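> To kick things off, part of the complex as it is:
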Amino acid sequence: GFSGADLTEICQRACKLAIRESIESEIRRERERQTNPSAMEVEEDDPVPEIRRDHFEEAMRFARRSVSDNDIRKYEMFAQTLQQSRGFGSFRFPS
């Protein structure tokens, strides 16, 4: 029953969880390298280049619903007010 504007949240709160895990490991790598500057170990390309499933498996824990169930049988009941005042489809031209 998710709205069209709470799938634009699941697809962003699942980016912050890959942004944060990038700066984290980017910083935490410089830490250990400065712990052993003589280690010389360089040319490390990237820790996370990719949204990397098990982000969505975590962003779904903060996924709410905008329109509750009662907020649907409020419009769907208004359609059957504009409707139900119609229905002459029984009309048929004789002969």
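That came through, no problem. Numbering: from 1, shown residues only, chains lettered A, B, ... in the order given.

> Locate the residue of chain A with the greatest distance from its centre.
Seen from the C-alpha centroid of chain A, the residue lying at the greatest distance (CA atoms, centre = their mean) is residue A:95, 59.1 Å away.

> Contact partners for it?
Applying CB atoms under 8 Å, 6 or more residues apart in numbering to residue A:95 gives no contacts. Placement of C-beta: from N, CA and C, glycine included.

> in the strand or helix carrying residue A:33, what's buried?
Applying DSSP states H and E as the criterion places residue A:33 in helix A:13-35. By neighbour count on 16 or more other CB atoms under 10 Å, the buried set for helix A:13-35 is A:13, A:14, A:17.

> Then stretch A:57-70?
Judged by neighbour count using 16+ other CB under 10 Å, the buried positions of stretch A:57-70 are residue A:59.

> and that stretch, how far from the chain's centre?
9 Å (CA atoms, centre = their mean, to the nearest Å).

> Quick one: end-to-end distance for it.
Start-to-end span of stretch A:57-70 (CA to CA, to the nearest Å) is 28 Å.

> Excluding its own residues, what touches that stretch? List them.
Stretch A:57-70 has contacts (CB under 8 Å, 6+ apart) with A:1, A:2, A:3, A:5, A:6, A:9, A:10, A:13, A:14, A:17.

> Report the spatially nearest residue to the first one, omitting neighbours in sequence.
Ranked by CB to CB, 6 or more residues apart in numbering and with sequence neighbours excluded, the top spatial neighbour of residue A:1 is residue A:65, at 6.1 Å.

> In which helix or strand does that neighbour reside?
Using DSSP H and E, residue A:65 falls within no helix or strand.

> quick one: it and residue A:9, what's the gap?
In this view, residue A:65 and residue A:9 are 11 Å apart by CB to CB, to the nearest Å.

> what residues do the two have in common as contacts?
Contacts common to residue A:65 and residue A:9, judged by CB under 8 Å, 6+ apart, are absent.

> which residues of chain A fall in helices?
A:7-10, A:13-35, A:56-59, A:76-82 (DSSP state H).

> okay, those helices in CSV with distance to residue A:43 next?
Shown next, in CSV, are these (distance: least, CB to CB, whole Å):
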stretch, distance to residue A:43
helix A:7-10, 36
helix A:13-35, 12
helix A:56-59, 31
helix A:76-82, 60
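
> following sequence is chain B, add it:
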Amino acid sequence: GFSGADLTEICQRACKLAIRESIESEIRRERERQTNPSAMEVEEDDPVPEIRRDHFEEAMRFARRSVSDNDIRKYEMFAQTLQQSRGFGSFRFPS
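With chain B now in place:
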């Protein structure tokens, strides 16, 4: 249950009980030494140099809880409603 601005009157009303005492012990000393204006041994360096516990013993007597326990409920019953509208939990991608 003290706010962030009711700990700033256990820390000022604990100073207006030192200003009082250090501004009284100055005056009382002045009338005192007019009994011996020829003493020439007057002017003690400091009568009260220090906030000096047994002031917080007294300033704690005028400490008022700003937010009553019947008003902190209105918020704790909000944030718990932002939760419980969440938690897709057992969500798990296949395989």
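
> now that chain B has been added, could you go back to the buried residues of helix A:13-35?
Buried residues in helix A:13-35, defined by neighbour count with 16 or more other CB atoms under 10 Å in any protein chain shown: A:13, A:14, A:17.

> Just give me how far that helix sits from the chain centre.
The answer for helix A:13-35 is 22 Å, by CA atoms, centre = their mean.

> which residues sit against that helix?
A:39, A:41, A:44, A:47-48, A:50-52, A:55-56, A:58-59, A:62-63 (CB atoms under 8 Å, 6 or more residues apart in numbering or on different chains).

> Recalculate using a threshold of 10 Å.
Around helix A:13-35, the neighbours that count as contacts under CB atoms under 10 Å, 6 or more residues apart in numbering or on different chains are A:39-42, A:44, A:46-63.

> Around chain B, pick out the residues from chain A.
With CB under 10 Å from any CB of the partner chain as the criterion, chain A meets chain B at residues A:10, A:53-54, A:56-66, A:68.

> which one of the residues you listed sits closest to residue B:88?
residue A:60 (4.6 Å; CB to CB).

> rewinding a little: now the residue farthest from the centre of chain A: how far from chain B?
According to CB to the nearest CB, to the nearest Å, residue A:95 and chain B sit 62 Å apart.

> So which bits of stretch A:35-53 are buried?
For stretch A:35-53, burial by neighbour count (16+ other CB under 10 Å) applies to no residue.

> Dump it to CSV, restricted to CA.
Only the C-alpha atoms of stretch A:35-53 are listed here, as CSV (Å, rounded to 0.1, in the frame of the first residue of the first chain):
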residue,chain,number,x,y,z
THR,A,35,49.3,3.9,12.2
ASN,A,36,51.8,2.2,9.9
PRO,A,37,53.1,4.9,7.5
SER,A,38,56.1,2.6,6.7
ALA,A,39,53.6,-0.1,5.5
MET,A,40,53.7,1.7,2.1
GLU,A,41,50.5,-0.2,1.2
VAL,A,42,48.9,2.1,-1.4
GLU,A,43,46.8,2.1,-4.6
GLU,A,44,43.6,0.9,-2.9
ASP,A,45,40.9,1.7,-5.4
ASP,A,46,37.6,1.8,-3.5
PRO,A,47,35.8,0.1,-0.6
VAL,A,48,32.2,0.6,-1.8
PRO,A,49,31.4,1.6,-5.4
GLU,A,50,27.9,0.3,-5.4
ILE,A,51,24.5,0.4,-3.5
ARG,A,52,25.3,-3.2,-2.6
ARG,A,53,22.2,-5.1,-1.5
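
> next up, chain C:
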Amino acid sequence: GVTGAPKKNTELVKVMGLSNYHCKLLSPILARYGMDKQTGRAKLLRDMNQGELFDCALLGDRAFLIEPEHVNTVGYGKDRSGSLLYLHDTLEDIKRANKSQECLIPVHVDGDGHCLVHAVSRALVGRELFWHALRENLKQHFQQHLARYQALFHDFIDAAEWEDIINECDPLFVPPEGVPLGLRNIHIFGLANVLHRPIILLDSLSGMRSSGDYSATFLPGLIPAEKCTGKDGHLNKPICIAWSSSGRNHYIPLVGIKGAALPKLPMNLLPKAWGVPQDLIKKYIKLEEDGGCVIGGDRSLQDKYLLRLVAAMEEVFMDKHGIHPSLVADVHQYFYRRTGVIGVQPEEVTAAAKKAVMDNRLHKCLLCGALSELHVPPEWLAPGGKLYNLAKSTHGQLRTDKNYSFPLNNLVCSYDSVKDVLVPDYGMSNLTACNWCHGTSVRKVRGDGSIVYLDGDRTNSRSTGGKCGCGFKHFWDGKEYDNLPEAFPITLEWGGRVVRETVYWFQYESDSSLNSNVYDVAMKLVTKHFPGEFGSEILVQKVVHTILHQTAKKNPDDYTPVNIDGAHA
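Chain C now in position relative to the chains above:
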């Protein structure tokens, strides 16, 4: 009311929740079922290939060990009957052999006529759980070695008797009239061979010097001694049994005390072999250097595992019998034991109580725990019955379109044209006063064992804490709350319409999450009374502001629970 609750019978006394009658409702299914170490679900022995009937040979290491705190229990621990004085002459050398300590004791067993294997099962696990396998497989063990049984007893037992002897192992087969209530020693010989274990049947000092061989040492003669050892390479210490009366009709098991000294049986109290050479005492019993033998053992099963196994059988017993065995047990006590008949079949109580399950005719007392039933004989509603007469002068003609409610019996009866009977929906029938103590709070019991509580009904589950004082949990809206909720009305106006609605506001719950949350209580009402109105979000704000101002109690302990008659007064 001193007598408002009948004393619990030996079959009905529940030790750690386990009663003999309850175990009798689970033991026959244990004959082909086992407990699973991972799921805890019962599993057919067909899948784990232990045979169709439970192989009692694995039980040779099983000896019951009684705790001192459970000795005083009637039907579980020490027998209180005259067997206490009976065995004292034997108890004189039982104690003194183990340096004057009580090491071997008689144990009370249900007197339903099959106590022999009941005692042996009580000799093995101390419960009535493994007894049923002891007989059915014994009948097969008799058949497989009947020729070898013939080799010894064809000159002592009639050839036609062996067909009757195997009939003795039949579980519910009632022998013809005149048979003394008790099983012969021939089973124990097979049982000793079946268990891969010696079995010792004792009697008084007079019994040993009596010229009868009814007290003898049953050795596994049909099974070689290397097969009569435990998994540690040691011979299985024998289980001991005794005669419980001078009439020789009830068997008792002799077991040691859990955590105490291992019983040692002196030579004068060690009887001669039964049907096998005397030299087999040395071969089949782990014998000591002093001339005696060790009784009981330390390779025993703790009661913690057996508690799962009983629960592991109540699992399938849901599917197979459509009823709970404890629920059957109470039906036995309150309706079958009500007639005073001793020895009622468990199977009849199981099947018939399902009728009470189907129509919800069980109504359990909430104060003394009595299980009451609204049982009406069929003719009472048929022509000539009591309620049959009332419908005519109180509400006129028997009408197929008119239901007849009988407040005196709380039965609401429709008139079925073909049968000419008034049919009360016993689901709609409600007992209002107990027929044991006349307690007004008597409530239905469902087939799953769940009691049909109502709002304000106090459950038997212990309250972990609460201002109620009742010490029990309370049931509400399908949930169990430690306290009863404060209630006070609310005032709703929307679209010109006005609604009275009463608001129940739980508070002071031991578990935090169960306390009321205004943003759910308010939303529930508006949805419940205004489904699909536009702009109701404004109404909810007005509602919330009211409840908060009403629950703002000056003293947090200002507790004024709901006033429900009967639960609290």
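
> The buried residues of helix A:13-35 again please, chain C included this time.
For helix A:13-35, the neighbour count (16+ other CB under 10 Å) marks A:13, A:14, A:17 as buried.

> Check stretch C:551-566 too.
Neighbour-count burial for stretch C:551-566, counted by 16+ other CB under 10 Å, picks out C:551, C:561, C:562.

> again, but for stretch C:69-82
Here stretch C:69-82 shows C:73, C:75, C:76, C:77, C:78, C:79, C:81 as buried, counting by 16+ other CB under 10 Å.

> what does stretch C:256-275 give?
For stretch C:256-275, by 16+ other CB under 10 Å, it's C:256-258, C:260, C:262-266, C:269-271, C:273-275.

> closest to chain B among those residues?
Taking CB to the nearest CB as the measure, chain B lies nearest residue C:258 of those, at 44.5 Å.

> Show the contacting residues for the closest one.
Applying CB under 10 Å, 6+ apart to residue C:258 gives the contacts C:64, C:65, C:66, C:67, C:68, C:69, C:70, C:126, C:296, C:300, C:302, C:303.

> Check the gap between residue C:153 and residue C:192 for me.
15 Å.

> more crowded one of the two?
residue C:192 (30 against 18; other CB atoms under 10 Å in any protein chain shown).

> residues touching the residue nearest to that one when sequence neighbours are not counted, list them.
Leaving out its chain neighbours, the residue that sits closest to residue C:192 by CB to CB, 6 or more residues apart in numbering or on different chains is residue C:218, at 3.8 Å. Going by CB under 10 Å, 6+ apart, residue C:218 touches C:185-193, C:195, C:197-201, C:238-239, C:241, C:271, C:273-276, C:284.

> Quick one: the strands in the stretch 451-569 of chain C, in order.
C:458-462, C:472-476, C:479-481, C:486-494, C:497-505 (DSSP state E, counting those that start in this stretch).

> How about the stretch 51-200 of chain C?
Using DSSP E, counting those that start in this stretch, the strands assigned to the stretch 51-200 of chain C run over residues C:65-66, C:105-106, C:199-202.

> Report all helices and strands that the first one contacts.
Going back to what we said before, that points to strand C:65-66. On a contact count with 3 or more CB pairs under 10 Å, 6 or more residues apart in numbering or on different chains; DSSP states H and E, strand C:65-66 meets strand C:251-257.
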